[PDB]
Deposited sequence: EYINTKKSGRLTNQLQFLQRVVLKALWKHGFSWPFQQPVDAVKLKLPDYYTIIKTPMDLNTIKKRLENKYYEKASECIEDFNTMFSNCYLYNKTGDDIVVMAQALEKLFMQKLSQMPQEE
């Protein structure tokens, strides 16, 4: 979670990120997971590369990414971590699948390379 501009990257920031952030199921992903306050002892044992929308947000603002694929990977790491750590049927998983569907949807309208 450290921070430090193509047509695709602009789209990811102005359209994709914005769309997920304003969604009601995004609050659990707006900040890095705090294993102590959430009492999740095993979280960082299981998750080696944590990720959240605020980190992505900040990386986009500070021109951290060199290409869109990097940013898209971060969005996917966020979802993957959720699915890996939590159990199917859990509320947060349902929320992540909803956010990912909206993500794939918006991504499909992103301008094509070259």
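- Residues of the deposited sequence lacking C-alpha coordinates, counted from 1, fall in the stretches 1, 6-10.
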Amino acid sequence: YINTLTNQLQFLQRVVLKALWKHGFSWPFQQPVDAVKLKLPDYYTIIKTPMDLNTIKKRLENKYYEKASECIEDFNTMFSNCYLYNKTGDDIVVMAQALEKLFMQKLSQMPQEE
From here on, numbers count along this sequence of modelled residues.
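- As the entry records it, the average C-alpha temperature factor is higher for 65-73, out of 65-73 and 22-30.
- Between the stretches 95-103 and 11-19, it is 11-19 that shows the larger average CA temperature factor.
- In the deposited entry, the Cα temperature factor of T45 places it in the highest third of its chain's modelled residues.
- Per the PDB record, residue ranking by Cα B-factor puts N54 in the middle third of the chain.
- Per-chain ranking of the deposited C-alpha B factor places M78 in the lowest third.
- Ranked against the other modelled residues of its chain, the C-alpha B-factor of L84 as given in the entry falls in the lowest third.
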